[PDB]
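Reading the structure
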Amino acid sequence: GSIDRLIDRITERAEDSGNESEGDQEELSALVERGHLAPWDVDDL
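Residues numbered from 1 in each chain as written, not as in the entry; some residues may be left out. Heavy atoms only, no water.

Under the criterion given, the structure shown has two salt bridges. Among the ionic pairs, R34 bridges to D8, the shortest N-O distance being 2.7 Å. Of the two residues, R34 sits in the segment after α2 (26–33) while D8 sits in helix α1 (residues 4–11), which places them 26 residues apart along the sequence. Assessed through its relative accessible area of 5%, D8 is described here as buried. Linking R13 and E22 is a salt bridge whose minimum nitrogen-to-oxygen distance equals 3.0 Å. Using a relative accessible area of 46% as the deciding quantity, one classes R13 as partly exposed. Overall, the relative accessible area of 35% leaves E22 in the partly exposed class. (Salt bridge = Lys/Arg side-chain N within 4 Å of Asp/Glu carboxyl O. Helix = DSSP H or I, 4+ residues; strand = E, 2+ residues; numbered from the N terminus. Buried < 20%, exposed > 50% of the residue type's maximum accessible area, 1.4 Å probe, protein only.)

Next comes the structure, spelled out in structure tokens:
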């Protein structure tokens, strides 16, 4: 997902702290780019 993770940088603002603040777009995107739904926890990478 070269383009999938691309958003990660566009939404990084979320994982930059957690996600519960701007998790509007990634709400579904993070579901694609990421399957662990733990971009902040990153406990599955």
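What follows covers unusual backbone geometry. Of note, the phi angle at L37 is positive, near 45°, even though the residue is not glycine. Positionally, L37 belongs in the segment after α2. Overall, the relative accessible area of 42% leaves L37 in the partly exposed class. Although it is not a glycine, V42 sits at a positive phi angle of roughly 40°. As for its position among the elements, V42 is in the segment after α2. When its relative accessible area of 36% is taken as the criterion, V42 is described as partly exposed.

So, on to empty space enclosed by the protein. Taken as a whole and judged by the stated rule, the model has one cavity of 30 Å³ or more. Counted as a void, the largest cavity has a volume near 30 Å³. For the lining of the largest cavity, the elements supplying multiple residues, two or more each, are α1 and α2. Considering each element in turn, the lining of the largest cavity owes the most residues, three residues, to α2. The residue inventory of the lining of the largest cavity, partitioned by class, reads three nonpolar, one polar and five charged. (1 Å grid on protein atoms, 1.4 Å probe; cavity = no way out; pocket = protein on both sides within 12 Å on 5 of 7 lines; lining within 4 Å. Points joined across faces, edges and corners; volume = space filled by probe spheres on them. Nonpolar A, V, L, I, M, F, W, Y, C, P; charged D, E, K, R; others polar.)

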